[PDB]
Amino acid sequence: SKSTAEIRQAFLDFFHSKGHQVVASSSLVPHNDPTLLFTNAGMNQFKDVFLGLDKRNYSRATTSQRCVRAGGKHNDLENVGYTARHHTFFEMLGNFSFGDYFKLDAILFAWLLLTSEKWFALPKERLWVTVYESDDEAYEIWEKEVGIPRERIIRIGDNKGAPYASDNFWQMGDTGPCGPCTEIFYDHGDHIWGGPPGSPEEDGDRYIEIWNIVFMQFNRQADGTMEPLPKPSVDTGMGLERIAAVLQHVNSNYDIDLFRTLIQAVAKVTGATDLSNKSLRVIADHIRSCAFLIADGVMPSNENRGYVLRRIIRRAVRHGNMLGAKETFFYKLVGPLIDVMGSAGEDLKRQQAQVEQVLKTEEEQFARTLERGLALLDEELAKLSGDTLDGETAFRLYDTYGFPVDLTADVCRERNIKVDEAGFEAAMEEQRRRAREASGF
């Protein structure tokens, strides 16, 4: 089968050959949005083009966008290591039409790439699609132009309990370009728990969402009102790792060549003996988000973007501990990461020394308190009655040992114990009040 690298290039080559302009991935740091924490979709760099405020020399584009979903609208941090299909850092393969082709040709491009003998040659019987319930045009295309049997075409309405709140209405922000979308799913087999989309068991890893094709129609305003876009457009997004899994005949994103190699590197530097566990997969994922965030200019801190980075670094170091790592390890995975990323690893390669030093410093700093915090936590979980750790202990872990609340919660989750988050937030504010009271400002 093709390697992840070959799949990335094949996708871009397909669209370049179909008249699309190849455009480089944008940074993980949003160029001009204070609002958005990290780039979480291929659309972000084209946002103003879809709005009609910015014009390109080209009417169609294609990119492999590095994305991080670890906060805000789309936060997948707590899915990492629990689902087959979620990363913090991942690449979104996209094709974009800026007032060019619309619904029919978008759907055909996708079906061709996925099912053509000349291209990915996936079997049609394993593919399922969804459309926005009111999108009769997309439905008819799939049914009569592509020939999907009706039993594999699923209409999805406002299933998130509000107007336009739907798995088939795509909107990356509270404002900005958005629209109904049609999505292609692959059935990984009945040995896997989960139902098709539109069932209460859709969240299972059996029917995995591969490719999301958005029909950009509206600009959503702060009033929540939908203003029509000047030109109807197309924004699609396919997960590189997810399509790599399908193509390499594996069910989990972590079973693809890239992660098999990365996970091996993780086991090597930590001394882990298991070929896979939650922690090996978590660290493999985290090095990608941490290294690439640093390479894109994000520095660890206790505020905003810097804190999300710091939080991810520290969770990876904690998982390293659980594997039994005996020396500073996390920064040692930057080399191995650069290598598995191929052409998408060249920016990181340039900044390898900087990134390794940031990660080494951060891990060494946290190591001062980690084991002692873990001992305290273990001590408090042993004397705990009930399924919830009080927010006082969580605050103590934070205040003295530098455990972010989600790191503490991550440890507790593994033992079937919850963390009283409100109790933690209350403790945090009371300290803020003490700081105001004493300082006087």
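Residue positions are given as counts along the sequence shown, with the first one as 1. Throughout, rigid core stands for the largest set of C-alpha atoms superposing within 1.5 Å between the two forms.
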query: 157 to 165 against 79 to 87 - segment lying farther from this form in 4 other deposited structures of this protein (CA RMS, rigid core fit); finding: 157 to 165
query: RMS CA shift, core-fitted in 4 other deposited structures of this protein, bigger for 192 to 200 or for 144 to 152; finding: 192 to 200
query: Stretch exceeding the other in mean C-alpha B-factor - 399 to 407, 50 to 58; finding: 50 to 58
query: Residue stretch of maximal mean CA temperature factor, 235 to 243 vs 365 to 373; finding: 365 to 373
query: C-alpha B-factor winner, where the candidates are 311, 268, 260, 288; finding: 268
query: Residue of maximum C-alpha B factor among 25, 17, 21, 9, per deposited coordinates; finding: 17
query: Chain thirds of CA B-factor: placement of residue 220; finding: highest
query: B-factor third for the C-alpha atom of residue 66 within its chain; finding: lowest
query: Residue 170, C-alpha B-factor rank within chain (lowest, middle or highest third); finding: highest
query: B-factor third for the C-alpha atom of residue 100 within its chain; finding: lowest
query: Modelled-residue ranking by C-alpha temperature factor, third containing residue 124; finding: middle
